[PDB]
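Novice: The structure file final_12.pdb (PDB, C-alpha atoms) is provided below.
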```pdb
ATOM      1  CA  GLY A  10     -31.390   7.073  10.788  1.00  0.00           C
ATOM      2  CA  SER A  11     -29.393   5.042   8.264  1.00  0.00           C
ATOM      3  CA  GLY A  12     -25.690   5.313   7.512  1.00  0.00           C
ATOM      4  CA  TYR A  13     -25.033   6.860  10.927  1.00  0.00           C
ATOM      5  CA  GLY A  14     -22.961   5.195  13.638  1.00  0.00           C
ATOM      6  CA  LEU A  15     -20.287   2.476  13.560  1.00  0.00           C
ATOM      7  CA  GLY A  16     -22.039  -0.342  11.635  1.00  0.00           C
ATOM      8  CA  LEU A  17     -20.346  -3.105   9.620  1.00  0.00           C
ATOM      9  CA  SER A  18     -18.900  -2.588   6.132  1.00  0.00           C
ATOM     10  CA  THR A  19     -17.445  -4.484   3.143  1.00  0.00           C
ATOM     11  CA  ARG A  20     -14.443  -4.153   0.804  1.00  0.00           C
ATOM     12  CA  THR A  21     -16.559  -2.865  -2.124  1.00  0.00           C
ATOM     13  CA  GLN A  22     -17.857  -0.075   0.101  1.00  0.00           C
ATOM     14  CA  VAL A  23     -14.260   0.900   0.947  1.00  0.00           C
ATOM     15  CA  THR A  24     -13.199   1.337  -2.697  1.00  0.00           C
ATOM     16  CA  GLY A  25     -16.530   2.932  -3.546  1.00  0.00           C
ATOM     17  CA  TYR A  26     -15.907   5.663  -0.986  1.00  0.00           C
ATOM     18  CA  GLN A  27     -12.343   6.287  -2.216  1.00  0.00           C
ATOM     19  CA  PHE A  28     -13.703   6.843  -5.727  1.00  0.00           C
ATOM     20  CA  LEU A  29     -16.173   9.502  -4.529  1.00  0.00           C
ATOM     21  CA  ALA A  30     -13.421  11.151  -2.470  1.00  0.00           C
ATOM     22  CA  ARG A  31     -11.060  11.497  -5.463  1.00  0.00           C
ATOM     23  CA  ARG A  32     -13.842  12.784  -7.735  1.00  0.00           C
ATOM     24  CA  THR A  33     -15.037  15.381  -5.201  1.00  0.00           C
ATOM     25  CA  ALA A  34     -11.488  16.521  -4.419  1.00  0.00           C
ATOM     26  CA  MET A  35     -10.737  17.654  -7.976  1.00  0.00           C
ATOM     27  CA  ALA A  36     -14.114  19.384  -8.225  1.00  0.00           C
ATOM     28  CA  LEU A  37     -12.859  21.901  -5.667  1.00  0.00           C
ATOM     29  CA  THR A  38      -9.569  22.674  -7.461  1.00  0.00           C
ATOM     30  CA  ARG A  39     -10.417  22.298 -11.193  1.00  0.00           C
ATOM     31  CA  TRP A  40     -14.184  22.976 -11.293  1.00  0.00           C
ATOM     32  CA  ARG A  41     -15.029  20.063 -13.617  1.00  0.00           C
ATOM     33  CA  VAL A  42     -15.777  16.370 -13.101  1.00  0.00           C
ATOM     34  CA  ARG A  43     -14.853  15.112 -16.570  1.00  0.00           C
ATOM     35  CA  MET A  44     -11.679  13.571 -15.062  1.00  0.00           C
ATOM     36  CA  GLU A  45     -10.140  12.923 -18.467  1.00  0.00           C
ATOM     37  CA  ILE A  46      -6.964  11.877 -16.610  1.00  0.00           C
ATOM     38  CA  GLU A  47      -6.483  11.540 -12.896  1.00  0.00           C
ATOM     39  CA  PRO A  48      -3.532  13.705 -11.853  1.00  0.00           C
ATOM     40  CA  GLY A  49      -4.311  13.481  -8.124  1.00  0.00           C
ATOM     41  CA  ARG A  50      -3.329   9.810  -8.101  1.00  0.00           C
ATOM     42  CA  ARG A  51       0.033  10.405  -9.791  1.00  0.00           C
ATOM     43  CA  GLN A  52       1.032  13.294  -7.529  1.00  0.00           C
ATOM     44  CA  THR A  53       0.323  11.141  -4.451  1.00  0.00           C
ATOM     45  CA  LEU A  54       2.175   8.081  -5.807  1.00  0.00           C
ATOM     46  CA  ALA A  55       5.241  10.235  -6.538  1.00  0.00           C
ATOM     47  CA  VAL A  56       5.576  11.054  -2.824  1.00  0.00           C
ATOM     48  CA  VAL A  57       5.249   7.349  -1.911  1.00  0.00           C
ATOM     49  CA  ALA A  58       8.049   6.628  -4.387  1.00  0.00           C
ATOM     50  CA  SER A  59      10.119   9.345  -2.673  1.00  0.00           C
ATOM     51  CA  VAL A  60       9.566   7.892   0.815  1.00  0.00           C
ATOM     52  CA  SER A  61      10.386   4.352  -0.342  1.00  0.00           C
ATOM     53  CA  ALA A  62      13.653   5.545  -1.890  1.00  0.00           C
ATOM     54  CA  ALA A  63      14.563   7.129   1.462  1.00  0.00           C
ATOM     55  CA  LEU A  64      13.873   3.889   3.381  1.00  0.00           C
ATOM     56  CA  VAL A  65      15.859   1.770   0.909  1.00  0.00           C
ATOM     57  CA  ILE A  66      18.948   3.978   1.331  1.00  0.00           C
ATOM     58  CA  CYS A  67      18.957   4.034   5.147  1.00  0.00           C
ATOM     59  CA  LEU A  68      18.328   0.267   5.280  1.00  0.00           C
ATOM     60  CA  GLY A  69      21.303  -0.021   2.936  1.00  0.00           C
ATOM     61  CA  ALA A  70      23.314   1.998   5.453  1.00  0.00           C
ATOM     62  CA  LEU A  71      22.335  -0.302   8.343  1.00  0.00           C
ATOM     63  CA  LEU A  72      23.491  -3.301   6.303  1.00  0.00           C
ATOM     64  CA  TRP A  73      26.884  -1.600   5.911  1.00  0.00           C
TER      65      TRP A  73
ATOM     66  CA  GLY B  51      12.563 -19.125  10.959  1.00  0.00           C
ATOM     67  CA  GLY B  52      14.802 -22.158  10.546  1.00  0.00           C
ATOM     68  CA  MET B  53      17.655 -19.990   9.253  1.00  0.00           C
ATOM     69  CA  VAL B  54      17.406 -17.707  12.311  1.00  0.00           C
ATOM     70  CA  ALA B  55      17.265 -20.699  14.686  1.00  0.00           C
ATOM     71  CA  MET B  56      20.237 -22.320  12.919  1.00  0.00           C
ATOM     72  CA  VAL B  57      22.329 -19.143  13.360  1.00  0.00           C
ATOM     73  CA  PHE B  58      21.211 -18.744  17.006  1.00  0.00           C
ATOM     74  CA  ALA B  59      22.096 -22.350  17.831  1.00  0.00           C
ATOM     75  CA  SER B  60      25.434 -21.763  16.081  1.00  0.00           C
ATOM     76  CA  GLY B  61      25.985 -18.917  18.565  1.00  0.00           C
ATOM     77  CA  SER B  62      26.553 -15.929  16.279  1.00  0.00           C
ATOM     78  CA  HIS B  63      23.984 -13.801  18.167  1.00  0.00           C
ATOM     79  CA  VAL B  64      24.257 -11.247  15.357  1.00  0.00           C
ATOM     80  CA  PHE B  65      20.441 -10.912  15.027  1.00  0.00           C
ATOM     81  CA  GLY B  66      19.979  -9.728  18.605  1.00  0.00           C
ATOM     82  CA  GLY B  67      18.518  -6.279  19.218  1.00  0.00           C
ATOM     83  CA  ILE B  68      18.255  -3.926  16.239  1.00  0.00           C
ATOM     84  CA  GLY B  69      19.998  -6.520  14.074  1.00  0.00           C
ATOM     85  CA  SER B  70      16.612  -8.354  14.037  1.00  0.00           C
ATOM     86  CA  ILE B  71      15.087  -5.766  11.641  1.00  0.00           C
ATOM     87  CA  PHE B  72      16.179  -7.808   8.588  1.00  0.00           C
ATOM     88  CA  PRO B  73      14.279 -11.065   9.350  1.00  0.00           C
ATOM     89  CA  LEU B  74      11.314  -9.004  10.593  1.00  0.00           C
ATOM     90  CA  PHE B  75      10.738  -6.947   7.411  1.00  0.00           C
ATOM     91  CA  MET B  76      11.182 -10.006   5.139  1.00  0.00           C
ATOM     92  CA  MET B  77       8.583 -12.015   7.073  1.00  0.00           C
ATOM     93  CA  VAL B  78       6.141  -9.095   6.731  1.00  0.00           C
ATOM     94  CA  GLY B  79       6.922  -8.666   3.023  1.00  0.00           C
ATOM     95  CA  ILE B  80       6.125 -12.328   2.347  1.00  0.00           C
ATOM     96  CA  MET B  81       2.857 -11.953   4.263  1.00  0.00           C
ATOM     97  CA  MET B  82       1.607  -9.157   1.974  1.00  0.00           C
ATOM     98  CA  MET B  83       2.117 -11.171  -1.232  1.00  0.00           C
ATOM     99  CA  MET B  84       0.433 -14.378   0.011  1.00  0.00           C
ATOM    100  CA  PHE B  85      -2.669 -12.989   1.729  1.00  0.00           C
ATOM    101  CA  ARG B  86      -3.518  -9.863  -0.288  1.00  0.00           C
ATOM    102  CA  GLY B  87      -1.839  -9.493  -3.687  1.00  0.00           C
ATOM    103  CA  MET B  88      -4.179  -9.791  -6.668  1.00  0.00           C
ATOM    104  CA  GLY B  89      -6.944 -11.999  -8.039  1.00  0.00           C
ATOM    105  CA  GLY B  90      -6.575 -14.720 -10.653  1.00  0.00           C
ATOM    106  CA  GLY B  91      -8.132 -15.525 -14.019  1.00  0.00           C
ATOM    107  CA  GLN B  92     -11.619 -16.001 -12.555  1.00  0.00           C
ATOM    108  CA  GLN B  93     -11.306 -12.575 -10.845  1.00  0.00           C
ATOM    109  CA  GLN B  94     -10.915 -10.201 -13.816  1.00  0.00           C
ATOM    110  CA  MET B  95     -12.441  -7.260 -11.911  1.00  0.00           C
ATOM    111  CA  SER B  96      -9.957  -4.914 -10.238  1.00  0.00           C
ATOM    112  CA  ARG B  97      -9.609  -1.332  -9.048  1.00  0.00           C
ATOM    113  CA  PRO B  98      -8.197  -0.041 -12.385  1.00  0.00           C
ATOM    114  CA  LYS B  99     -11.130  -1.377 -14.471  1.00  0.00           C
ATOM    115  CA  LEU B 100     -14.014  -1.045 -11.993  1.00  0.00           C
TER     116      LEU B 100
END
```
Render the structure in this file as structure tokens.

Specialist:
Amino acid sequence: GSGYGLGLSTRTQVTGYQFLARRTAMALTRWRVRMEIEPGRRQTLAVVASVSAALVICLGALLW
Amino acid sequence: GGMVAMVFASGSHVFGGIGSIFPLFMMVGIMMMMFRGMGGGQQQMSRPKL
């Protein structure tokens, strides 16, 4: 077939897939694809901000 | 790298072992900005608009 296996890929195919993954994820929790605003992104970024703040503090401690 | 070599020749040996984590993370942080980063004026397309 086609699409199967470990073939080569490009950077536009990587973002393209991440778009379909976000769109299909909300369809399971909100039952609509309108995606007026994308709350999944923001909730994920907030955790990344939390982790970064934790790393900055303990690196600050090591400097001390 | 010159700064680290200059301190090591000076004999401080402060950067040995775990102390090395400071030069290491900076070198990596510079690497991200120069090779990836974002496109210029002739590269208007980007994840937020595409």

Novice: Counting only C-alpha atoms, which residues of chain A come no farther than 10 Å from chain B, as number ranges by chain?

Specialist: A: 21, 24-25, 28, 68, 71-72

Novice: Set the distance at 12 Å and use all atoms listed in the file: which residues neighbour segment 39-52 of chain A once local chain neighbours fewer than 4 positions away are removed? I'd like the list as a list in words.

Specialist: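 Here the qualifying residues turn out to be residues 27, 28, 29, 30, 31, 32, 33, 34, 35, 56, 57, 58 and 59 of chain A; 98 of chain B.
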
Novice: Atom CA of residue 88 of chain B to atom CA of residue 64 of chain A: how many Å, to one decimal?

Specialist: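 Atom CA of residue 64 of chain A lies 24.8 Å from atom CA of residue 88 of chain B.
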
Novice: Please report, as JSON, the centre and edge lengths in Å to one decimal of an axis-aligned box covering all listed atoms of segment 56-61 of chain B with 5 Å per side.

Specialist:
```
{"center_x": 23.1, "center_y": -20.5, "center_z": 15.7, "size_x": 15.7, "size_y": 13.6, "size_z": 15.6}
```

Novice: Can you tell me how far atom CA of residue 65 of chain A sits from atom CA of residue 73 of chain B, in Å to one decimal?

Specialist: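 Atom CA of residue 65 of chain A sits 15.4 Å away from atom CA of residue 73 of chain B.
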
Novice: In Å, how far is it from atom CA of residue 54 of chain B to atom CA of residue 66 of chain A?

Specialist: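 About the pair atom CA of residue 54 of chain B and atom CA of residue 66 of chain A: they are 24.4 Å apart.
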